[PDB]
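The data block below is input_16.cif; it holds mmCIF, C-alpha atoms and all ligand atoms.
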```cif
data_work
loop_
_atom_site.label_atom_id
_atom_site.label_comp_id
_atom_site.auth_asym_id
_atom_site.auth_seq_id
_atom_site.Cartn_x
_atom_site.Cartn_y
_atom_site.Cartn_z
CA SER A 2 -40.02 -31.49 -61.68
CA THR A 3 -37.17 -29.20 -62.73
CA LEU A 4 -34.23 -30.72 -64.58
CA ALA A 5 -31.17 -30.70 -62.33
CA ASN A 6 -27.66 -32.08 -61.86
CA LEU A 7 -26.43 -33.61 -58.60
CA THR A 8 -22.96 -32.05 -58.77
CA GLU A 9 -24.43 -28.63 -59.56
CA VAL A 10 -26.87 -29.00 -56.64
CA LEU A 11 -24.07 -29.89 -54.21
CA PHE A 12 -22.04 -26.90 -55.43
CA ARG A 13 -24.98 -24.56 -54.75
CA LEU A 14 -25.33 -25.60 -51.09
CA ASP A 15 -24.66 -22.63 -48.79
CA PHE A 16 -21.35 -23.39 -47.11
CA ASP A 17 -18.16 -21.33 -46.94
CA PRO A 18 -16.10 -22.15 -50.07
CA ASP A 19 -12.82 -21.65 -48.19
CA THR A 20 -13.51 -24.45 -45.68
CA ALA A 21 -11.94 -27.88 -46.04
CA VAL A 22 -13.80 -30.69 -47.79
CA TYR A 23 -11.19 -33.44 -48.21
CA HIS A 24 -7.90 -34.33 -46.53
CA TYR A 25 -5.28 -36.57 -48.12
CA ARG A 26 -1.65 -37.44 -47.33
CA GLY A 27 -1.31 -34.59 -44.84
CA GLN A 28 -2.82 -32.06 -47.26
CA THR A 29 -6.20 -30.32 -47.36
CA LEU A 30 -8.44 -29.18 -50.20
CA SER A 31 -11.17 -26.59 -49.78
CA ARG A 32 -14.65 -26.70 -51.30
CA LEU A 33 -13.53 -24.01 -53.76
CA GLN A 34 -10.37 -25.91 -54.75
CA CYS A 35 -12.35 -29.07 -55.49
CA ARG A 36 -15.14 -27.22 -57.31
CA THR A 37 -12.62 -25.47 -59.56
CA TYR A 38 -10.88 -28.76 -60.34
CA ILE A 39 -14.15 -30.64 -60.88
CA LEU A 40 -15.36 -28.08 -63.41
CA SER A 41 -12.00 -28.13 -65.20
CA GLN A 42 -12.03 -31.92 -65.33
CA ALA A 43 -15.66 -31.92 -66.47
CA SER A 44 -14.66 -29.78 -69.46
CA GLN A 45 -12.26 -32.56 -70.46
CA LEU A 46 -14.67 -35.44 -69.79
CA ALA A 47 -17.30 -33.74 -71.96
CA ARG A 48 -14.92 -34.13 -74.92
CA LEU A 49 -14.78 -37.89 -74.27
CA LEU A 50 -18.21 -38.91 -72.94
CA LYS A 51 -21.75 -38.24 -74.07
CA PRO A 52 -24.59 -37.86 -71.56
CA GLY A 53 -25.56 -41.23 -70.16
CA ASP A 54 -22.24 -42.98 -70.82
CA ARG A 55 -21.19 -45.23 -67.93
CA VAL A 56 -17.80 -45.00 -66.21
CA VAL A 57 -16.17 -47.51 -63.84
CA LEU A 58 -13.63 -46.11 -61.36
CA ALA A 59 -11.37 -48.84 -59.95
CA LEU A 60 -9.35 -46.58 -57.67
CA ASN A 61 -8.25 -46.27 -54.05
CA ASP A 62 -9.86 -43.54 -51.94
CA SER A 63 -8.42 -40.12 -52.80
CA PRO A 64 -9.64 -36.59 -53.55
CA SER A 65 -9.01 -37.25 -57.24
CA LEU A 66 -11.40 -40.20 -57.13
CA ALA A 67 -14.09 -38.16 -55.38
CA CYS A 68 -13.67 -35.24 -57.78
CA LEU A 69 -13.56 -37.47 -60.87
CA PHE A 70 -16.80 -39.11 -59.74
CA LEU A 71 -18.50 -35.71 -59.44
CA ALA A 72 -16.99 -34.51 -62.72
CA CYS A 73 -18.51 -37.55 -64.44
CA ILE A 74 -21.89 -36.67 -62.96
CA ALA A 75 -21.40 -33.04 -64.01
CA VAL A 76 -21.27 -34.04 -67.70
CA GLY A 77 -24.16 -36.49 -67.42
CA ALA A 78 -22.02 -39.61 -67.29
CA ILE A 79 -22.97 -42.37 -64.86
CA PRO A 80 -20.04 -43.47 -62.67
CA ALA A 81 -19.56 -46.45 -60.38
CA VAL A 82 -16.74 -46.92 -57.86
CA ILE A 83 -15.42 -50.47 -57.36
CA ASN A 84 -12.62 -52.19 -55.45
CA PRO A 85 -9.31 -51.16 -57.08
CA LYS A 86 -7.98 -54.63 -56.22
CA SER A 87 -10.83 -56.45 -58.01
CA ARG A 88 -9.71 -59.46 -60.02
CA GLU A 89 -9.62 -58.84 -63.76
CA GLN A 90 -12.69 -61.00 -64.45
CA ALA A 91 -14.72 -59.23 -61.75
CA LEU A 92 -13.87 -55.81 -63.20
CA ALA A 93 -14.71 -57.07 -66.69
CA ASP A 94 -18.09 -58.41 -65.52
CA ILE A 95 -19.06 -55.09 -63.94
CA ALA A 96 -17.87 -53.09 -66.95
CA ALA A 97 -19.89 -55.39 -69.23
CA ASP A 98 -23.00 -55.26 -67.04
CA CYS A 99 -23.21 -51.46 -67.21
CA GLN A 100 -21.74 -51.31 -70.74
CA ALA A 101 -19.09 -48.85 -69.54
CA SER A 102 -17.47 -46.51 -72.05
CA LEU A 103 -14.53 -45.76 -69.76
CA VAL A 104 -12.66 -47.40 -66.90
CA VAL A 105 -10.15 -45.46 -64.81
CA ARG A 106 -7.60 -47.60 -62.97
CA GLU A 107 -4.51 -47.47 -60.81
CA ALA A 108 -1.15 -46.76 -62.41
CA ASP A 109 0.31 -49.73 -64.32
CA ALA A 110 -3.05 -51.54 -64.37
CA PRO A 111 -3.78 -53.78 -67.39
CA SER A 112 -6.15 -52.80 -70.17
CA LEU A 113 -9.66 -54.22 -70.31
CA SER A 114 -10.34 -56.60 -73.20
CA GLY A 115 -13.16 -58.62 -74.69
CA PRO A 116 -16.41 -57.66 -76.38
CA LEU A 117 -17.01 -53.90 -76.26
CA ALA A 118 -14.14 -53.42 -73.84
CA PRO A 119 -14.07 -49.87 -72.41
CA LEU A 120 -11.29 -47.35 -72.86
CA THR A 121 -8.85 -47.76 -69.96
CA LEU A 122 -7.13 -44.73 -68.43
CA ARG A 123 -4.70 -44.73 -65.52
CA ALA A 124 -3.99 -42.56 -62.51
CA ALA A 125 -0.52 -41.08 -62.26
CA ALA A 126 2.25 -42.63 -60.25
CA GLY A 127 3.31 -40.71 -57.18
CA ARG A 128 -0.21 -40.25 -55.76
CA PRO A 129 -0.58 -36.51 -56.49
CA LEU A 130 -3.09 -34.44 -54.57
CA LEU A 131 -4.98 -33.84 -57.84
CA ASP A 132 -4.66 -36.20 -60.81
CA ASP A 133 -5.61 -35.58 -64.44
CA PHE A 134 -5.85 -39.32 -65.23
CA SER A 135 -4.01 -38.63 -68.52
CA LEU A 136 -6.84 -36.37 -69.73
CA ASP A 137 -4.46 -33.48 -70.45
CA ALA A 138 -2.58 -35.64 -72.96
CA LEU A 139 -5.67 -37.40 -74.32
CA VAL A 140 -8.08 -34.49 -74.92
CA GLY A 141 -5.99 -31.38 -74.21
CA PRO A 142 -5.96 -28.91 -71.32
CA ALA A 143 -9.17 -27.95 -69.58
CA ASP A 144 -11.46 -25.01 -70.30
CA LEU A 145 -11.15 -22.14 -67.85
CA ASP A 146 -14.77 -21.38 -66.89
CA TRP A 147 -16.79 -24.50 -67.64
CA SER A 148 -20.37 -24.79 -66.41
CA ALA A 149 -22.15 -26.94 -69.01
CA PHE A 150 -23.87 -29.23 -66.52
CA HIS A 151 -26.08 -31.95 -67.97
CA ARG A 152 -29.45 -31.49 -66.27
CA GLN A 153 -31.97 -34.33 -66.15
CA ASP A 154 -35.03 -35.55 -64.29
CA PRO A 155 -34.14 -35.82 -60.57
CA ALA A 156 -35.51 -39.39 -60.52
CA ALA A 157 -33.26 -40.62 -63.35
CA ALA A 158 -30.12 -42.66 -62.77
CA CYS A 159 -27.01 -40.63 -62.20
CA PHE A 160 -24.59 -43.12 -60.63
CA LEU A 161 -24.40 -46.84 -59.85
CA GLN A 162 -23.33 -48.85 -56.82
CA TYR A 163 -22.33 -52.50 -57.23
CA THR A 164 -22.43 -54.34 -53.91
CA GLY A 169 -23.61 -63.77 -58.02
CA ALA A 170 -23.53 -62.05 -61.39
CA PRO A 171 -22.93 -58.37 -60.52
CA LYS A 172 -25.98 -56.16 -59.93
CA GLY A 173 -25.75 -52.39 -60.31
CA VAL A 174 -28.01 -50.36 -58.04
CA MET A 175 -29.18 -47.12 -59.66
CA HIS A 176 -29.10 -43.96 -57.58
CA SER A 177 -30.76 -40.70 -58.62
CA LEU A 178 -30.36 -37.09 -57.58
CA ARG A 179 -33.60 -37.29 -55.60
CA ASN A 180 -32.90 -40.42 -53.58
CA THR A 181 -29.25 -39.42 -52.98
CA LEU A 182 -30.30 -36.13 -51.42
CA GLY A 183 -32.91 -38.23 -49.63
CA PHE A 184 -30.46 -40.59 -47.96
CA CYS A 185 -28.09 -37.71 -47.16
CA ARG A 186 -30.78 -35.64 -45.43
CA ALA A 187 -32.14 -38.56 -43.41
CA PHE A 188 -28.73 -39.67 -42.12
CA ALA A 189 -26.34 -36.71 -42.24
CA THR A 190 -28.89 -34.07 -41.19
CA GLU A 191 -31.66 -35.76 -39.22
CA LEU A 192 -29.81 -38.60 -37.48
CA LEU A 193 -26.26 -37.28 -37.04
CA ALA A 194 -26.85 -33.52 -37.36
CA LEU A 195 -23.42 -33.03 -38.90
CA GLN A 196 -22.12 -29.49 -38.43
CA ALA A 197 -20.07 -27.35 -40.77
CA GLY A 198 -16.39 -27.96 -40.07
CA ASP A 199 -16.86 -31.44 -38.59
CA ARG A 200 -13.89 -33.69 -39.35
CA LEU A 201 -15.08 -37.12 -40.56
CA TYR A 202 -13.14 -40.37 -40.93
CA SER A 203 -14.72 -43.42 -42.57
CA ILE A 204 -12.57 -46.53 -42.42
CA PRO A 205 -14.71 -48.25 -45.10
CA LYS A 206 -13.80 -47.11 -48.61
CA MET A 207 -15.87 -45.41 -51.30
CA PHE A 208 -16.45 -48.63 -53.28
CA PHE A 209 -18.74 -49.56 -50.37
CA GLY A 210 -21.99 -47.58 -50.36
CA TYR A 211 -21.48 -46.88 -46.65
CA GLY A 212 -18.11 -45.27 -47.37
CA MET A 213 -19.34 -43.44 -50.47
CA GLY A 214 -21.91 -41.62 -48.36
CA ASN A 215 -19.55 -41.06 -45.44
CA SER A 216 -16.54 -39.77 -47.40
CA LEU A 217 -17.71 -38.60 -50.82
CA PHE A 218 -21.12 -37.01 -50.25
CA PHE A 219 -21.50 -35.91 -46.61
CA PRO A 220 -18.61 -33.38 -46.77
CA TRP A 221 -20.36 -31.55 -49.62
CA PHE A 222 -23.82 -32.06 -48.17
CA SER A 223 -23.15 -30.91 -44.59
CA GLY A 224 -20.12 -28.63 -44.92
CA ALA A 225 -17.89 -31.17 -43.19
CA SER A 226 -14.56 -32.60 -44.30
CA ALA A 227 -13.39 -36.19 -44.68
CA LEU A 228 -10.01 -37.89 -44.43
CA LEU A 229 -9.37 -39.96 -47.56
CA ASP A 230 -6.70 -42.67 -47.50
CA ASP A 231 -5.65 -44.80 -50.46
CA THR A 232 -3.89 -47.47 -48.36
CA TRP A 233 -5.58 -50.42 -46.75
CA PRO A 234 -6.87 -49.90 -43.18
CA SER A 235 -4.57 -51.96 -41.02
CA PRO A 236 -5.14 -51.14 -37.34
CA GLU A 237 -1.67 -49.55 -37.43
CA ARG A 238 -2.68 -47.21 -40.26
CA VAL A 239 -6.05 -46.41 -38.66
CA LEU A 240 -4.16 -45.38 -35.52
CA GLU A 241 -1.75 -43.22 -37.51
CA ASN A 242 -4.73 -41.47 -39.12
CA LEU A 243 -6.52 -40.99 -35.80
CA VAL A 244 -3.49 -39.34 -34.20
CA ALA A 245 -2.72 -37.19 -37.25
CA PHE A 246 -6.27 -36.14 -38.20
CA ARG A 247 -8.15 -36.26 -34.87
CA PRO A 248 -11.62 -36.81 -36.38
CA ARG A 249 -14.76 -35.86 -34.48
CA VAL A 250 -16.92 -38.43 -36.32
CA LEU A 251 -15.77 -42.01 -36.92
CA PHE A 252 -17.55 -44.43 -39.28
CA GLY A 253 -16.59 -48.02 -38.52
CA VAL A 254 -17.91 -51.59 -38.40
CA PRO A 255 -17.98 -53.95 -35.39
CA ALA A 256 -14.63 -55.69 -35.99
CA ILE A 257 -12.92 -52.30 -36.38
CA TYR A 258 -14.13 -51.20 -32.94
CA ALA A 259 -12.90 -54.49 -31.51
CA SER A 260 -9.49 -53.85 -33.09
CA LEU A 261 -9.34 -50.30 -31.64
CA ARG A 262 -9.75 -51.40 -28.00
CA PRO A 263 -6.01 -51.09 -27.18
CA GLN A 264 -6.11 -47.51 -28.49
CA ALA A 265 -9.23 -46.40 -26.62
CA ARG A 266 -7.44 -43.45 -25.02
CA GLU A 267 -6.24 -42.12 -28.38
CA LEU A 268 -9.66 -42.58 -29.96
CA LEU A 269 -11.37 -40.77 -27.06
CA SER A 270 -9.01 -37.82 -27.59
CA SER A 271 -11.11 -36.55 -30.50
CA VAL A 272 -14.01 -38.86 -31.42
CA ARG A 273 -17.38 -37.62 -30.18
CA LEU A 274 -19.70 -39.47 -32.60
CA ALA A 275 -18.86 -43.13 -33.29
CA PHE A 276 -20.98 -45.02 -35.82
CA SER A 277 -21.01 -48.70 -36.74
CA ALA A 278 -22.72 -50.42 -39.69
CA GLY A 279 -22.35 -53.51 -41.87
CA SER A 280 -23.26 -56.17 -39.31
CA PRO A 281 -24.73 -56.16 -35.79
CA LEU A 282 -22.66 -54.43 -33.12
CA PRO A 283 -22.25 -56.92 -30.23
CA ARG A 284 -23.32 -55.88 -26.74
CA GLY A 285 -19.79 -56.63 -25.55
CA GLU A 286 -18.39 -54.05 -27.95
CA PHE A 287 -21.00 -51.41 -27.07
CA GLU A 288 -20.30 -51.93 -23.37
CA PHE A 289 -16.50 -51.93 -23.61
CA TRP A 290 -16.62 -48.52 -25.26
CA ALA A 291 -19.35 -47.16 -22.98
CA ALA A 292 -16.98 -47.85 -20.08
CA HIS A 293 -14.50 -45.46 -21.73
CA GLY A 294 -17.24 -42.87 -22.25
CA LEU A 295 -17.89 -43.52 -25.96
CA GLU A 296 -21.32 -44.33 -27.34
CA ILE A 297 -21.27 -46.44 -30.52
CA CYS A 298 -24.39 -46.05 -32.66
CA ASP A 299 -25.33 -49.19 -34.60
CA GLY A 300 -27.37 -48.69 -37.77
CA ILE A 301 -28.26 -50.76 -40.83
CA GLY A 302 -27.96 -49.60 -44.41
CA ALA A 303 -28.15 -51.37 -47.75
CA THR A 304 -26.96 -50.42 -51.22
CA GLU A 305 -30.54 -50.54 -52.52
CA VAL A 306 -31.54 -47.94 -49.88
CA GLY A 307 -28.65 -45.52 -50.45
CA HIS A 308 -27.40 -45.42 -46.88
CA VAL A 309 -28.42 -46.03 -43.25
CA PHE A 310 -32.20 -46.15 -42.84
CA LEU A 311 -32.64 -47.64 -39.34
CA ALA A 312 -30.29 -46.79 -36.50
CA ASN A 313 -29.60 -45.95 -32.90
CA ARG A 314 -29.81 -42.19 -32.36
CA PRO A 315 -26.83 -40.31 -30.85
CA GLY A 316 -27.33 -39.88 -27.12
CA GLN A 317 -29.99 -42.63 -27.02
CA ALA A 318 -28.20 -45.76 -28.26
CA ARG A 319 -28.83 -49.17 -26.68
CA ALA A 320 -26.80 -52.37 -26.70
CA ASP A 321 -27.92 -55.32 -28.85
CA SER A 322 -30.24 -53.18 -30.97
CA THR A 323 -30.40 -51.57 -34.41
CA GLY A 324 -32.64 -48.73 -33.20
CA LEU A 325 -35.46 -46.93 -35.00
CA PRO A 326 -36.32 -46.11 -38.63
CA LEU A 327 -34.85 -42.76 -39.68
CA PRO A 328 -37.17 -39.82 -40.40
CA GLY A 329 -38.95 -40.37 -43.70
CA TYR A 330 -38.46 -44.15 -43.72
CA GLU A 331 -41.10 -46.75 -42.94
CA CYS A 332 -40.13 -50.27 -41.90
CA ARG A 333 -42.31 -53.37 -41.87
CA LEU A 334 -41.85 -57.00 -40.86
CA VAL A 335 -43.59 -59.76 -42.84
CA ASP A 336 -44.12 -63.38 -41.83
CA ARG A 337 -43.50 -66.37 -44.11
CA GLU A 338 -46.89 -65.86 -45.81
CA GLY A 339 -46.23 -62.17 -46.53
CA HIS A 340 -48.47 -60.89 -43.73
CA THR A 341 -47.50 -57.83 -41.72
CA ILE A 342 -46.30 -58.58 -38.19
CA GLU A 343 -47.72 -56.23 -35.55
CA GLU A 344 -46.56 -58.05 -32.42
CA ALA A 345 -43.33 -57.34 -30.60
CA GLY A 346 -40.81 -60.13 -30.17
CA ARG A 347 -41.81 -61.85 -33.43
CA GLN A 348 -39.25 -62.07 -36.19
CA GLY A 349 -39.96 -61.52 -39.87
CA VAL A 350 -38.30 -60.23 -43.01
CA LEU A 351 -37.66 -56.48 -42.97
CA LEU A 352 -39.02 -54.35 -45.81
CA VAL A 353 -38.23 -50.63 -46.05
CA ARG A 354 -39.43 -47.62 -48.04
CA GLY A 355 -38.37 -43.99 -47.88
CA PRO A 356 -36.21 -41.18 -49.20
CA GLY A 357 -33.08 -43.18 -49.99
CA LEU A 358 -34.76 -46.04 -51.87
CA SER A 359 -33.15 -46.77 -55.24
CA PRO A 360 -35.39 -46.74 -58.34
CA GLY A 361 -34.02 -50.19 -59.26
CA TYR A 362 -31.18 -52.20 -60.75
CA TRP A 363 -29.47 -51.01 -63.93
CA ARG A 364 -29.63 -54.41 -65.65
CA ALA A 365 -31.56 -57.26 -64.11
CA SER A 366 -34.08 -60.01 -64.66
CA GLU A 367 -37.66 -59.48 -63.52
CA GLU A 368 -36.97 -61.78 -60.56
CA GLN A 369 -34.00 -59.65 -59.47
CA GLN A 370 -36.07 -56.47 -59.80
CA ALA A 371 -38.77 -58.09 -57.65
CA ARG A 372 -36.68 -57.15 -54.60
CA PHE A 373 -38.19 -53.69 -55.23
CA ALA A 374 -41.76 -54.97 -55.64
CA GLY A 375 -44.49 -52.65 -54.42
CA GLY A 376 -42.32 -49.62 -53.68
CA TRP A 377 -40.43 -51.38 -50.88
CA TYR A 378 -36.99 -52.97 -50.74
CA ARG A 379 -36.98 -56.51 -49.34
CA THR A 380 -33.79 -56.66 -47.28
CA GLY A 381 -33.69 -60.41 -46.78
CA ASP A 382 -32.84 -59.72 -43.13
CA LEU A 383 -34.80 -61.21 -40.26
CA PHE A 384 -35.63 -58.65 -37.58
CA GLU A 385 -37.84 -58.33 -34.53
CA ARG A 386 -39.30 -55.22 -32.92
CA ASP A 387 -39.61 -54.59 -29.18
CA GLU A 388 -42.43 -52.78 -27.39
CA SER A 389 -40.58 -49.46 -27.74
CA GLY A 390 -40.50 -49.83 -31.54
CA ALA A 391 -36.78 -50.61 -31.72
CA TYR A 392 -35.43 -53.30 -34.05
CA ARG A 393 -32.94 -56.13 -33.49
CA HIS A 394 -31.33 -58.21 -36.24
CA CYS A 395 -32.07 -61.95 -36.08
CA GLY A 396 -30.41 -63.45 -39.18
CA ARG A 397 -31.15 -63.91 -42.87
CA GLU A 398 -34.19 -65.44 -44.51
CA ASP A 399 -33.85 -68.66 -46.50
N1 LIG B 401 -24.64 -49.85 -48.38
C1 LIG B 401 -24.62 -49.50 -47.05
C2 LIG B 401 -24.73 -48.15 -46.70
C3 LIG B 401 -24.66 -47.74 -45.38
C4 LIG B 401 -24.48 -48.67 -44.38
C5 LIG B 401 -24.37 -50.01 -44.69
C6 LIG B 401 -24.44 -50.45 -46.01
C7 LIG B 401 -24.35 -51.91 -46.30
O1 LIG B 401 -23.98 -52.74 -45.50
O2 LIG B 401 -24.76 -52.24 -47.58
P1 LIG B 401 -24.72 -53.70 -48.34
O3 LIG B 401 -25.67 -53.62 -49.46
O4 LIG B 401 -23.26 -54.06 -48.66
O5 LIG B 401 -25.23 -54.74 -47.27
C8 LIG B 401 -26.53 -54.60 -46.68
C9 LIG B 401 -26.74 -55.76 -45.74
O6 LIG B 401 -25.73 -55.76 -44.71
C10 LIG B 401 -26.29 -56.17 -43.48
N2 LIG B 401 -26.19 -55.07 -42.53
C11 LIG B 401 -25.72 -53.81 -42.76
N3 LIG B 401 -25.67 -53.05 -41.69
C12 LIG B 401 -26.14 -53.88 -40.68
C13 LIG B 401 -26.31 -53.68 -39.30
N4 LIG B 401 -25.98 -52.56 -38.66
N5 LIG B 401 -26.82 -54.71 -38.58
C14 LIG B 401 -27.12 -55.85 -39.21
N6 LIG B 401 -26.98 -56.16 -40.50
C15 LIG B 401 -26.48 -55.12 -41.19
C16 LIG B 401 -27.73 -56.61 -43.77
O7 LIG B 401 -27.73 -58.00 -44.07
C17 LIG B 401 -28.06 -55.75 -44.99
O8 LIG B 401 -29.10 -56.30 -45.79
#
```
Would you put the structure from the file into structure tokens?
Amino acid sequence: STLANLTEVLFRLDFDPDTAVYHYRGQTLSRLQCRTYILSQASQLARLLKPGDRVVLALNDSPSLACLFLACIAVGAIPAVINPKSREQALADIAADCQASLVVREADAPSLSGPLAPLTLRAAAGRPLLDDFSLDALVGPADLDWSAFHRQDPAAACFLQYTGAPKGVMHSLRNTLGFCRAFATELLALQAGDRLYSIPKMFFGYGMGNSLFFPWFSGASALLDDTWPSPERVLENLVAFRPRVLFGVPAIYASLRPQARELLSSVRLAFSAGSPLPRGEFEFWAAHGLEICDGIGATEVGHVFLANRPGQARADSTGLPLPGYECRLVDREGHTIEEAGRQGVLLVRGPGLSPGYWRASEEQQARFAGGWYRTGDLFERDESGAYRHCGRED
């Protein structure tokens, strides 16, 4: 296989550079604007990080976060995005687990300490559209025409996602493009220019796909918001941004019921993940003319791998495996279940599957045994081949 770089690959995708990619605080950035800034920032990060160095980003959703993440990948660093409001010990544990060289935090955040503590840098106060994260002062201004991408095997780790003792899921160029194609192209068929709004943030793998990657991958644009998603703020964003595609979770759709008319003004594709979408929620929204598509993803599988298809969703159901994925149910003795209406543990293989955990015991890595990911979820299949969640194994 040819050595490649995920950021470089995204930049080569054939979409109009003048179209929007990210929206933030009433402002918009084009593909070209972000690419220029990412390359400039990469030229600075290359003075600080060697290929392979890990980076933890403890930041609220913003274009600067998304661009910094891709600039890290551009230089061969391995970033991970975590909750900016993580307790100090939790951030320390993650930074220690991936042996991070650098942590980028919110303004006024404390410095990391302890054995092999990473360098801590801070975002600027005032929430600028584009932030240098003190790099101008630390390593000097950026180069003007940087393009020194670090190219590596497409199966090698290029970023981490942390969902007990923290476990970092490795994601590679190959399986990232894999989960993007299966979900953004094959399931949702996102179109260039589509305005996307994910309420879940980029420290959740669901939100990272929705907001960080799919805009680049499909030529769409995403609203990024660094404040918490109170129903009041979600409503403000809906009215201001008018997204065509909404990524939520079941409780969010419940909370949006009083604002159904405003949501229906612009939302044509409504997705729900994270936990099962109740029939009552599906049917409330159907009565207002909105189909909600329930699908399951997991960090170890990159994104959604089994879902209701737009135009064909059904209540009280998780739908069908996405193109490229294979799903299997096993009984308590490990035997494959062929019958309908019989629950078992769901295993999955396919394009989005992670190559493994960054640092783990053999027992932890055994969740990936045999080229499948063992979800730990109990599911049953009906005669049509559709799946329904039934709980967690024990
Ligand atoms: N990482 C993701 C990317 C995309 C979309 C979701 C995720 C995501 O949730 O990733 P996590 O690793 O935090 O959690 C995975 C676990 O969450 C549960 N689950 C998720 N979606 C559903 C659903 N629709 N119905 C029923 N259970 C669901 C299930 O227990 C699963 O094992």
*asked:* Using only C-alpha atoms, which protein or nucleic acid residues come within 12 Å of residue 288 of chain A? Drop anything in the same chain fewer than 3 positions from it, and give the result as a ChimeraX atom specification.
replied: /A:258-259,262,282-285,291-298,318-321
*Around ligand LIG 401 (chain B), at most 6 Å away and counting all atoms listed in the file, which residues are there? Put them as a PyMOL selection string, please.*
chain A and resi 164+210-211+278-281+299-304+308-309+380+382+394
Given all atoms listed in the file, how would the per-residue table for segment 113-145 of chain A near segment 61-83 of chain A read, listing every residue at most 10 Å away with its closest atom pair and distance in Å to one decimal, sorted by chain and number, as CSV?
```
residue,atom,partner,partner_atom,distance
A:124,CA,A:65,CA,9.0
A:128,CA,A:63,CA,8.7
A:129,CA,A:65,CA,8.5
A:130,CA,A:64,CA,7.0
A:131,CA,A:65,CA,5.3
A:132,CA,A:65,CA,5.7
A:133,CA,A:65,CA,8.1
A:134,CA,A:65,CA,8.8
```
*Among the residues A:92, A:39, A:14, A:99, the one that comes closest to residue 112 of chain A [using all atoms listed in the file]*: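 Result for the nearest residue to residue 112 of chain A: A:92.
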*Please identify all polymer residues within 12 Å of residue 122 of chain A, counting all atoms listed in the file, omitting same-chain residues fewer than 6 positions from it, and present them as a ChimeraX atom specification.*
/A:49,56-60,102-113,132-139
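The coordinates place atom CA of residue 238 of chain A at 27.1 Å from atom CA of residue 89 of chain A.
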*Need the neighbours of (-16.7, -39.0, -37.6): which residues are at most 9 Å away, counting all atoms listed in the file, as a count of residues only?*
17
*Within 8 Å of residue 243 of chain A, counting only C-alpha atoms, which residues show up once you throw out same-chain ones fewer than 4 positions away? Write them as a VMD selection string, please.*
chain A and resid 239 247 to 248 267 to 268
*Hey, which of A:194, A:159, A:40, A:149 ends up closest to residue 359 of chain A? Count only C-alpha atoms.*
A:159
